[PDB]
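[1] an experimental structure, sequence included, is below.
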Amino acid sequence: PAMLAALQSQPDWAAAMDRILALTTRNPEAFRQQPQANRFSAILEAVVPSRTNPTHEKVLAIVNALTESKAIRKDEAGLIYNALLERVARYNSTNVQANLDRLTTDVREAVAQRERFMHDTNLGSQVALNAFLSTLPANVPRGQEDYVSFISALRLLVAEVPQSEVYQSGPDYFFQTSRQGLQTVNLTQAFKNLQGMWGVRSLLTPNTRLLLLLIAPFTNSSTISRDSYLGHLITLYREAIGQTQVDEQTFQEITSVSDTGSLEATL
Amino acid sequence: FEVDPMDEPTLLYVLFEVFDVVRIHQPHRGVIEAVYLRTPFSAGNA
């Protein structure tokens, strides 16, 4: 967000007194040959460099930052830029003209948090979930305490699938997405229909089934035993996921050999 | 310069040429700043 300001403005002096002096490597005999007008319009630069006025540049180094995180929309950085320039062209001083400098050489460096924001989704995945888990009932359900293993598999899923896995709080009911596409929106305040079977050995509306199928991959010997339903189903969903991988590769193979066809004797 | 005789005062019109640039800038939206030059007679490096 700065070199995009460098690569939007500011067309050096070492590179100029490295060429006039003929200290380059590839073609030293470069500056000598130019017309004796250029060679007298580049020698009086690396002999008495001309000052500059950097405000615009680093101000453009701030706009290109805002509009890349999300404030000032892409189409408004022609009013924001003028407004910022005129503000910093009023109150300017070594005061502000520096306070910028720090802002521009910190905003491009203090981007690690932003990177973190999208590397553990600690923006709407764990802060939301670790909020929703605090809206759950007490952590002592009656039947079993396979509860905690499931509720931890949920956190692991949300933390190890950065894709989007956003956890909205679309009003009273917090709902889990499986991707920004969102074609597996399962309601996470509607598994207070699993605070039923948390411990037993057709009452699951697929919404609950959707959550089970969504996390299952991330369950191993955790939700465990023959803890009824919740146990097996998870195991059966994992088995079905493996079989689905098998059938996926099989169908690609059988359609690369060559119409419903494979879809029948696969499904 | 030497021209043959006509009977109506004529006026020679030499055009000593020379570079004549102008480099408008446009900083803060609302201002245009112009800085001309003419190099064999000189003007507003303004």
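    Structure received. Numbers count the residues shown, from 1 in each chain, chains lettered A, B, ... in the order given.

[2] what's the closest non-adjacent residue to residue A:123?
    The shortest distance from residue A:123 to any non-neighbouring residue, by C-beta to C-beta, 6 or more residues apart in numbering or on different chains, is to residue A:117 (4.7 Å). For every residue, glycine as well, the C-beta is placed using N, CA and C.

[3] okay, now the one you found: neighbour count?
    Using other C-beta atoms under 10 Å in any protein chain shown, residue A:117 is surrounded by 14 other residues.

[4] thought it was touching residue A:126?
    No - judged on C-beta atoms under 8 Å, residue A:117 makes no contact with residue A:126 at a distance of 11.0 Å.

[5] can you tell me how far the residue nearest to residue A:123 sits from chain B?
    With distances taken as C-beta to the nearest C-beta, to the nearest Å, residue A:117 is found 34 Å from chain B.

[6] find the nearest non-adjacent residue to the residue of chain B found nearest chain A, please.
    As assessed by C-beta to the nearest C-beta, chain A sits closest to residue B:29 within chain B, at 4.4 Å. Spatially, and ignoring its direct neighbours in sequence, residue B:29 is nearest to residue A:82 (4.4 Å; C-beta to C-beta, 6+ apart).

[7] what does chain A have sitting close to chain B?
    When proximity is defined as C-beta under 8 Å from any C-beta of the partner chain, chain A approaches chain B at A:56, A:82, A:85-86, A:89.

[8] as TSV, these with secondary structure would be great.
    Listed next are these as TSV, based on DSSP: H, G, I helix; E, B strand; the rest coil:
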residue	secondary structure
A:56	helix
A:82	helix
A:85	helix
A:86	helix
A:89	coil
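
[9] now, of those, which are buried?
    Taking 16 or more other C-beta atoms under 10 Å in any protein chain shown as the criterion, what is buried in those is A:56, A:85.

[10] next one: phi and psi at residue A:187?
    For residue A:187, the backbone dihedrals are phi -80, psi 120 (criterion: degrees, to the nearest 10).
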